[PDB]
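So this one's coords.txt, compact mmCIF, C-alpha atoms:
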```txt
# COMPACT_ATOMS: atom_id res chain seq x y z
CA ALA V 29 16.16 -4.07 -28.56
CA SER V 30 15.23 -3.30 -24.92
CA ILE V 31 12.27 -0.95 -24.57
CA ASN V 32 13.39 -0.29 -21.00
CA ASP V 33 16.81 0.92 -22.12
CA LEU V 34 15.15 2.92 -24.91
CA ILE V 35 12.63 4.68 -22.69
CA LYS V 36 15.32 5.56 -20.14
CA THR V 37 17.12 7.49 -22.87
CA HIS V 38 13.99 9.67 -22.77
CA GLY V 39 14.64 10.40 -19.09
CA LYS V 40 11.93 8.06 -17.83
CA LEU V 41 12.64 5.71 -14.95
CA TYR V 42 11.58 2.33 -16.30
CA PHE V 43 9.57 0.19 -18.63
CA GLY V 44 8.59 -2.77 -16.47
CA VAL V 45 6.30 -5.79 -16.16
CA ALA V 46 4.22 -7.79 -13.70
CA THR V 47 5.58 -11.22 -12.78
CA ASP V 48 6.08 -13.67 -9.86
CA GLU V 49 7.87 -16.95 -9.10
CA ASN V 50 5.57 -19.14 -11.19
CA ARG V 51 6.50 -17.10 -14.28
CA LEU V 52 10.18 -16.49 -13.49
CA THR V 53 10.79 -20.25 -13.09
CA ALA V 54 9.12 -21.17 -16.39
CA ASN V 55 9.77 -20.76 -20.11
CA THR V 56 11.91 -17.71 -20.92
CA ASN V 57 10.16 -15.05 -18.77
CA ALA V 58 13.28 -14.52 -16.65
CA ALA V 59 15.45 -14.02 -19.74
CA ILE V 60 13.04 -11.58 -21.41
CA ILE V 61 12.75 -9.62 -18.17
CA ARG V 62 16.51 -9.31 -17.57
CA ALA V 63 16.94 -8.19 -21.17
CA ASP V 64 13.91 -6.02 -21.91
CA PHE V 65 12.44 -4.58 -18.69
CA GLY V 66 13.73 -2.56 -15.74
CA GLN V 67 11.01 -2.90 -13.10
CA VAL V 68 8.74 -5.65 -11.79
CA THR V 69 5.42 -5.75 -9.97
CA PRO V 70 4.27 -8.86 -8.06
CA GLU V 71 1.24 -10.02 -10.01
CA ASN V 72 -0.33 -11.71 -6.94
CA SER V 73 2.26 -12.67 -4.34
CA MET V 74 2.11 -9.44 -2.29
CA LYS V 75 -1.67 -9.20 -2.08
CA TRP V 76 -3.51 -9.68 1.20
CA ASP V 77 -4.91 -13.16 0.48
CA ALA V 78 -1.36 -14.27 -0.42
CA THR V 79 0.50 -12.57 2.44
CA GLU V 80 -1.87 -12.68 5.46
CA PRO V 81 -4.38 -15.51 4.83
CA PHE V 82 -5.20 -15.56 8.58
CA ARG V 83 -4.91 -12.85 11.21
CA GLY V 84 -1.26 -12.45 12.17
CA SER V 85 -0.19 -15.41 10.02
CA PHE V 86 2.04 -13.99 7.30
CA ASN V 87 3.27 -15.91 4.24
CA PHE V 88 6.16 -14.26 2.37
CA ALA V 89 7.80 -17.12 0.42
CA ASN V 90 6.59 -16.09 -3.04
CA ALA V 91 6.96 -12.37 -2.35
CA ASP V 92 10.51 -12.94 -1.05
CA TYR V 93 11.41 -14.78 -4.25
CA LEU V 94 10.24 -11.89 -6.41
CA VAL V 95 11.98 -9.29 -4.23
CA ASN V 96 15.26 -11.25 -4.16
CA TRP V 97 15.15 -12.01 -7.91
CA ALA V 98 14.40 -8.38 -8.69
CA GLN V 99 17.25 -7.14 -6.48
CA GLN V 100 19.82 -9.64 -7.81
CA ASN V 101 19.03 -8.42 -11.34
CA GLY V 102 18.88 -4.71 -10.46
CA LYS V 103 15.17 -4.33 -11.26
CA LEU V 104 12.96 -1.78 -9.52
CA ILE V 105 10.08 -3.10 -7.41
CA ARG V 106 6.57 -1.65 -7.11
CA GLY V 107 4.76 -3.06 -4.09
CA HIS V 108 1.24 -4.24 -4.87
CA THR V 109 -0.98 -3.94 -3.02
CA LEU V 110 -1.78 -3.09 0.61
CA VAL V 111 -5.38 -1.87 1.07
CA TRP V 112 -7.76 -3.41 -1.49
CA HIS V 113 -11.33 -4.64 -1.36
CA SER V 114 -10.50 -7.50 -3.73
CA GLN V 115 -8.69 -10.69 -3.11
CA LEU V 116 -9.31 -9.88 0.58
CA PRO V 117 -9.67 -12.92 2.91
CA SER V 118 -13.00 -13.22 4.67
CA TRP V 119 -11.44 -12.70 8.11
CA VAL V 120 -10.78 -9.07 7.11
CA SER V 121 -14.14 -8.30 5.50
CA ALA V 122 -16.07 -9.89 8.44
CA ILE V 123 -14.66 -7.65 11.19
CA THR V 124 -17.24 -5.24 12.58
CA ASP V 125 -15.26 -3.59 15.40
CA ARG V 126 -13.70 -0.25 14.42
CA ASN V 127 -10.68 -0.39 16.73
CA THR V 128 -10.00 -3.97 15.68
CA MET V 129 -10.12 -2.97 12.01
CA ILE V 130 -7.64 -0.12 12.51
CA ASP V 131 -5.28 -2.58 14.22
CA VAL V 132 -5.68 -5.11 11.39
CA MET V 133 -5.18 -2.57 8.60
CA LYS V 134 -2.20 -0.82 10.24
CA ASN V 135 -0.55 -4.12 11.15
CA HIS V 136 -0.82 -5.42 7.58
CA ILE V 137 0.66 -2.24 6.06
CA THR V 138 3.43 -1.90 8.65
CA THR V 139 4.47 -5.58 8.54
CA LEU V 140 4.70 -5.77 4.74
CA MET V 141 6.43 -2.44 4.30
CA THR V 142 8.88 -3.09 7.15
CA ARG V 143 9.88 -6.50 5.77
CA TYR V 144 11.02 -4.86 2.52
CA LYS V 145 12.00 -1.46 3.99
CA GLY V 146 14.27 0.44 1.61
CA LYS V 147 13.82 -2.10 -1.23
CA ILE V 148 10.50 -0.89 -2.71
CA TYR V 149 10.43 2.07 -5.12
CA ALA V 150 6.67 2.61 -4.88
CA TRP V 151 3.82 0.99 -2.92
CA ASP V 152 0.22 0.91 -4.12
CA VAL V 153 -1.00 1.88 -0.66
CA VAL V 154 -4.70 1.79 -1.59
CA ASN V 155 -6.15 0.15 -4.71
CA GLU V 156 -9.47 0.69 -6.53
CA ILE V 157 -11.11 2.79 -3.78
CA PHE V 158 -13.56 4.52 -6.20
CA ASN V 159 -16.85 3.46 -7.70
CA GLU V 160 -17.35 4.18 -11.39
CA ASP V 161 -19.38 7.31 -10.52
CA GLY V 162 -16.52 8.96 -8.61
CA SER V 163 -17.85 8.19 -5.11
CA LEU V 164 -15.74 6.29 -2.61
CA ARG V 165 -16.27 2.53 -2.77
CA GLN V 166 -18.06 1.53 0.44
CA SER V 167 -15.76 -1.38 1.17
CA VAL V 168 -15.31 -2.89 4.63
CA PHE V 169 -12.55 -0.38 5.39
CA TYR V 170 -14.89 2.45 4.45
CA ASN V 171 -17.84 1.02 6.38
CA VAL V 172 -16.06 -0.06 9.59
CA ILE V 173 -13.18 2.46 9.96
CA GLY V 174 -14.77 5.36 8.06
CA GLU V 175 -13.69 7.63 5.22
CA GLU V 176 -10.58 8.50 7.27
CA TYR V 177 -9.26 4.99 6.46
CA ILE V 178 -7.46 6.41 3.42
CA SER V 179 -5.60 9.00 5.47
CA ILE V 180 -4.71 6.44 8.16
CA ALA V 181 -3.34 4.03 5.54
CA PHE V 182 -1.10 6.63 3.88
CA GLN V 183 0.21 8.05 7.17
CA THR V 184 0.96 4.52 8.43
CA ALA V 185 2.78 3.70 5.19
CA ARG V 186 4.89 6.88 5.37
CA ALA V 187 5.82 6.02 8.95
CA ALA V 188 6.66 2.40 8.01
CA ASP V 189 9.05 3.18 5.13
CA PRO V 190 9.73 6.87 4.45
CA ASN V 191 11.84 5.84 1.40
CA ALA V 192 8.96 4.48 -0.69
CA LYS V 193 6.74 6.48 -3.02
CA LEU V 194 3.13 6.12 -1.81
CA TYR V 195 0.64 5.60 -4.66
CA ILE V 196 -3.09 5.46 -5.10
CA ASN V 197 -3.94 3.03 -7.90
CA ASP V 198 -7.06 2.65 -9.99
CA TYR V 199 -8.44 1.58 -13.36
CA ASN V 200 -10.72 3.23 -15.93
CA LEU V 201 -8.80 6.50 -15.57
CA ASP V 202 -8.26 6.46 -19.35
CA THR V 203 -10.58 9.33 -20.44
CA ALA V 204 -10.21 12.79 -18.92
CA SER V 205 -13.97 13.49 -18.99
CA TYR V 206 -14.94 10.27 -17.16
CA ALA V 207 -16.51 10.79 -13.73
CA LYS V 208 -13.93 8.53 -12.06
CA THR V 209 -10.99 10.49 -13.50
CA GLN V 210 -12.46 13.81 -12.34
CA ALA V 211 -12.94 12.31 -8.86
CA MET V 212 -9.40 10.94 -8.72
CA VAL V 213 -7.85 14.32 -9.52
CA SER V 214 -10.22 16.22 -7.18
CA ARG V 215 -9.78 13.92 -4.19
CA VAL V 216 -6.00 13.55 -4.46
CA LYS V 217 -5.45 17.30 -4.72
CA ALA V 218 -7.71 17.70 -1.67
CA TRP V 219 -6.06 14.96 0.39
CA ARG V 220 -2.59 16.32 -0.37
CA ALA V 221 -3.79 19.81 0.68
CA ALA V 222 -4.79 18.29 4.02
CA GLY V 223 -1.24 16.92 4.39
CA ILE V 224 -1.97 13.29 3.47
CA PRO V 225 1.27 11.88 1.90
CA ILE V 226 0.12 10.73 -1.56
CA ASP V 227 3.22 10.63 -3.80
CA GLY V 228 1.92 9.07 -7.02
CA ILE V 229 -1.28 8.31 -8.87
CA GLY V 230 -1.21 4.92 -10.57
CA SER V 231 -3.30 4.40 -13.69
CA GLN V 232 -3.84 0.72 -14.44
CA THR V 233 -4.70 1.37 -18.12
CA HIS V 234 -6.43 -1.94 -18.89
CA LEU V 235 -7.66 -0.90 -22.35
CA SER V 236 -10.19 -1.89 -24.95
CA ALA V 237 -9.21 -1.69 -28.61
CA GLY V 238 -9.15 1.96 -29.58
CA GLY V 239 -8.74 2.92 -25.91
CA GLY V 240 -5.21 4.22 -26.41
CA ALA V 241 -6.27 7.41 -28.17
CA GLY V 242 -7.71 9.07 -25.08
CA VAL V 243 -4.89 8.16 -22.69
CA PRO V 244 -2.57 11.15 -23.41
CA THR V 245 -5.28 13.65 -22.48
CA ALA V 246 -6.26 11.58 -19.44
CA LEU V 247 -2.71 11.06 -18.17
CA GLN V 248 -2.00 14.80 -18.55
CA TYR V 249 -5.18 15.53 -16.58
CA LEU V 250 -4.17 13.16 -13.78
CA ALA V 251 -0.89 15.05 -13.55
CA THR V 252 -2.73 18.29 -12.65
CA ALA V 253 -3.60 16.72 -9.29
CA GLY V 254 -0.13 17.84 -8.26
CA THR V 255 1.46 14.59 -7.09
CA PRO V 256 5.24 14.40 -7.68
CA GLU V 257 4.63 11.58 -10.14
CA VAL V 258 2.04 9.49 -11.95
CA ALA V 259 2.48 6.18 -13.73
CA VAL V 260 0.91 3.58 -16.00
CA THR V 261 0.80 0.57 -13.69
CA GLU V 262 -1.00 -2.39 -15.34
CA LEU V 263 -1.06 -1.80 -19.10
CA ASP V 264 -2.66 -4.32 -21.44
CA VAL V 265 -4.65 -3.84 -24.63
CA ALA V 266 -7.43 -6.04 -26.00
CA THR V 267 -6.28 -7.46 -29.39
CA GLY V 268 -2.78 -6.25 -28.44
CA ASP V 269 -2.65 -3.92 -31.44
CA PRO V 270 0.40 -1.65 -31.86
CA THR V 271 -1.67 1.52 -32.28
CA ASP V 272 -2.95 1.50 -28.72
CA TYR V 273 0.46 0.57 -27.26
CA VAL V 274 2.24 3.37 -29.06
CA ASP V 275 -0.49 5.76 -27.94
CA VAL V 276 0.16 4.94 -24.27
CA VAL V 277 3.95 5.23 -24.78
CA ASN V 278 3.49 8.72 -26.20
CA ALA V 279 1.06 9.56 -23.39
CA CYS V 280 3.86 8.74 -20.95
CA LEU V 281 6.51 10.62 -22.93
CA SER V 282 4.18 13.65 -22.92
CA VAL V 283 3.76 13.85 -19.14
CA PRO V 284 7.05 14.93 -17.49
CA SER V 285 5.99 13.57 -14.11
CA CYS V 286 5.00 10.17 -15.56
CA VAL V 287 7.89 7.99 -14.41
CA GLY V 288 7.25 4.92 -16.57
CA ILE V 289 5.02 2.07 -17.71
CA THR V 290 4.35 -1.40 -16.30
CA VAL V 291 2.77 -4.01 -18.63
CA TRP V 292 0.58 -6.60 -16.91
CA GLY V 293 2.48 -9.69 -18.01
CA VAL V 294 5.13 -10.94 -20.41
CA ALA V 295 3.31 -13.32 -22.77
CA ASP V 296 -0.29 -13.64 -24.01
CA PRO V 297 -1.17 -17.14 -22.61
CA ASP V 298 -0.20 -16.03 -19.10
CA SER V 299 -2.37 -12.90 -19.24
CA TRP V 300 -5.36 -12.65 -16.93
CA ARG V 301 -7.21 -11.79 -20.17
CA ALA V 302 -5.23 -14.22 -22.36
CA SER V 303 -8.18 -14.68 -24.73
CA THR V 304 -7.72 -11.09 -25.98
CA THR V 305 -3.94 -11.65 -26.64
CA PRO V 306 -3.34 -8.30 -24.89
CA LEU V 307 0.43 -8.39 -24.20
CA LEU V 308 3.73 -7.71 -25.99
CA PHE V 309 5.14 -11.28 -26.22
CA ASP V 310 3.24 -14.17 -27.76
CA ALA V 311 2.63 -17.84 -26.92
CA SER V 312 6.12 -18.53 -28.28
CA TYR V 313 7.65 -15.99 -25.86
CA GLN V 314 8.75 -13.92 -28.87
CA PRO V 315 8.22 -10.16 -29.37
CA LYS V 316 5.04 -9.15 -31.20
CA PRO V 317 4.55 -6.22 -33.62
CA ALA V 318 3.40 -3.98 -30.73
CA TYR V 319 6.80 -4.51 -29.06
CA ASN V 320 8.67 -3.57 -32.25
CA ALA V 321 6.17 -0.72 -32.64
CA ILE V 322 7.25 0.51 -29.22
CA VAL V 323 10.91 0.16 -30.23
CA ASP V 324 10.39 2.37 -33.29
CA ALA V 325 8.52 4.91 -31.16
CA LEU V 326 11.36 5.19 -28.62
CA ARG V 327 14.28 5.60 -31.07
```

Output the file's structure as structure tokens, nothing else.
Amino acid sequence: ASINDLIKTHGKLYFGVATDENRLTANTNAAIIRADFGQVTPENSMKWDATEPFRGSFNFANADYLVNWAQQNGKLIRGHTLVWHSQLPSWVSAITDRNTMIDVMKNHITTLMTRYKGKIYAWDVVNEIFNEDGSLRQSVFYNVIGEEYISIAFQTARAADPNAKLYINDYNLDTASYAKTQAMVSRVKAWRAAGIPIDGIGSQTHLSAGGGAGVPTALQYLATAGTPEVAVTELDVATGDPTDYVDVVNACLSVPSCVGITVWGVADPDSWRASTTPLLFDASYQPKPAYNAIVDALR
């Protein structure tokens, strides 16, 4: 059974997965994804170190493969990710001139979003911009452009592709009482009230075992920020136990503005945290109990 088909019967938009060319061209990832998922996120091929390794020197081969594959198979695409302190080449983090940094940031956003204009359902416009205490991460964008860098990014993205949903994405938003979750709701409500075009809040939802239980309350709290939508963007669960997966599925089903769930990979060995077997398909590329547990929860 397809958990994507099943969740859409609940009025959600998708149940999707991260992937890229190295996965699609190997084993049975492509077959599982056609059959069982309805959306894809580039795991790495759209990041800054992959797309613009040197100033003005764009590489789109891998990203193009994912976008074409996704389109040919009618899968939704979430763009990931534009403004991020990680996996950032040194030529970006070294710049000390404010005007130069605005040019670099706006060029990167505009170029990527224009190349795929109209094809991308949501873009993670800024990623992981918060410290664990709820304060803004003082990345190079923060230090050189200023706190306005968030507003500039979102306005530039809206201008580049008015079709796309513009998201802010972050992790450890899994407990409503956590300082970071409070700060995410507060800031996004504030930025939207200043007219900044933030369409969705993405919650990565990289969980520890037992972490599922708090996600319903947290996801419902993120929805009170007032964005049109929220989403689970990078789900995986240490030990990969069914309890935590079904908890997140019900969290989503309980938030009317939560459009769907993306799982961060098809099969355990290919997971960035493979040693915790955190995914829904195993080393054999066969569905695990959590996957069947999701099937039973969606019927």

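For the pair atom CA of residue V:217 and atom CA of residue V:253, the interatomic distance is 5.0 Å.
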
*Distance query stretch 74-76 of chain V at most 8 Å, only C-alpha atoms, self and fewer than 4 positions along chain excluded, as a PyMOL selection string*: chain V and resi 70+80-81+88+91+107-110+115-117

*Rank nothing, just name the residue among V:236, V:231, V:299, V:32 nearest to residue V:64, using all atoms listed in the file.*
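For residue V:64, the nearest of the given residues is V:32.
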
*With all atoms listed in the file as the basis for distance, which of V:234, V:143, V:83, V:38 is at the shortest distance from residue V:327?*
V:38

*Select, from V:114, V:57, V:144, V:123, the residue with the minimum atom-to-atom distance to residue V:92, counting all atoms listed in the file.*
V:144

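Shortest separation to residue V:99 among V:146, V:215, V:164, V:156 occurs at residue V:146, atoms counted being all atoms listed in the file.
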
*Give as a PyMOL selection string each residue that has an atom at most 10 Å from (-12.3, 4.9, -18.7) in the file, counting only C-alpha atoms.*
chain V and resi 160+199-209+233-236+239+242-243+246
